[PDB]
Amino acid sequence: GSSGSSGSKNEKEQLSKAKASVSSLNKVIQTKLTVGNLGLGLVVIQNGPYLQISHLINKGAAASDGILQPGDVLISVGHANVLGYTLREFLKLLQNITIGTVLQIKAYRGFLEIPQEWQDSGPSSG
């Protein structure tokens with residue numbers, strides 16, 4: 001089937017620390033995506049009271065926007081306060097959108113952390 005574990009183990013694995021003393025920088029991301037024929041079908045998931053993007057549809061607008069990344073927190077997608085929008089709603093919302101629609105996608109790049117469990121195939125180091 002599939003696997004799911006973390007570092008620090010009693011076998012051939014990798015473990016290390018990555019702490020820091022930072023926490024004085026708050027920047028918000030906001031860009032206009034050009035709804036494509038299929039419309040930004042970003043593969044977002046349901047993480048908390050907010051919709052946290054998990055993946056962007058290559059054949060979409062977001063995927064073509066180096067600004068928006070798979071792991072933010074939208075707070076107003078298309079004049080539609082998606083702040084408290086569910087995963088089942090966020091989809092039924094962006095679906096009722098038409099091609100070629102300029103919308104303001106405001107997301108946070110430091111609000112909701114990303115679940116490591118999800119990420120399995122990273123950029124690889126070794």
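Out of (1) crowded, with 19+ Cβ neighbours inside 10 Å; (2) in contact with a helix residue (DSSP H, G or I) (Cβ under 6 Å, 6 or more places away or on another chain); (3) farther than 22 Å from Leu25 by Cβ, what's the single condition that is false for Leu68?
(3)
Any chance region 93-106 includes a residue that's among the aliphatic types (A, V, I, L, M), crowded, with 19+ Cβ neighbours inside 10 Å, in a loop (DSSP other than H, G, I, E, B) and under 14 Å from the mean Cα position of the chain (by Cα)?
Looking through region 93-106, none of the residues is among the aliphatic types (A, V, I, L, M), crowded, with 19+ Cβ neighbours inside 10 Å, in a loop (DSSP other than H, G, I, E, B) and under 14 Å from the mean Cα position of the chain (by Cα).
Go through region 1-12 and give me each residue that's touching a residue at least 40 places away in the same chain (Cβ under 8 Å) and surrounded by 10 or more Cβ atoms within 10 Å (Cβ to Cβ).
Within region 1-12, no residue meets the criteria.
Would you tally the residues in region 13-65 being crowded, with 16+ Cβ neighbours inside 10 Å, assigned to a loop (DSSP other than H, G, I, E, B) and polar (S, T, N, Q)?
1
Would you pick out the residues in region 66-89 that are out of contact with any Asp or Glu (no Cβ under 9 Å at 6 or more places or on another chain), part of a loop (DSSP other than H, G, I, E, B) and on the phi < 0 side of the Ramachandran plot? Let's see the steps before the verdict.
Start the filter on region 66-89 by keeping residues that are out of contact with any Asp or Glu (no Cβ under 9 Å at 6 or more places or on another chain), which leaves 66-70, 72-81, 83-89.
Next, only the ones that are part of a loop (DSSP other than H, G, I, E, B) stay: 66-70, 72, 78-81, 83-86.
Within region 66-89, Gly66, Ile67, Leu68, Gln69, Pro70, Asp72, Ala80, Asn81, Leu83, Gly84, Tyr85, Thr86 meet the criteria.
No value in this document is a laboratory result; all are computed from the given coordinates. Cβ: placed from backbone, ideal geometry, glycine included. Neighbour counts: every protein chain shown.
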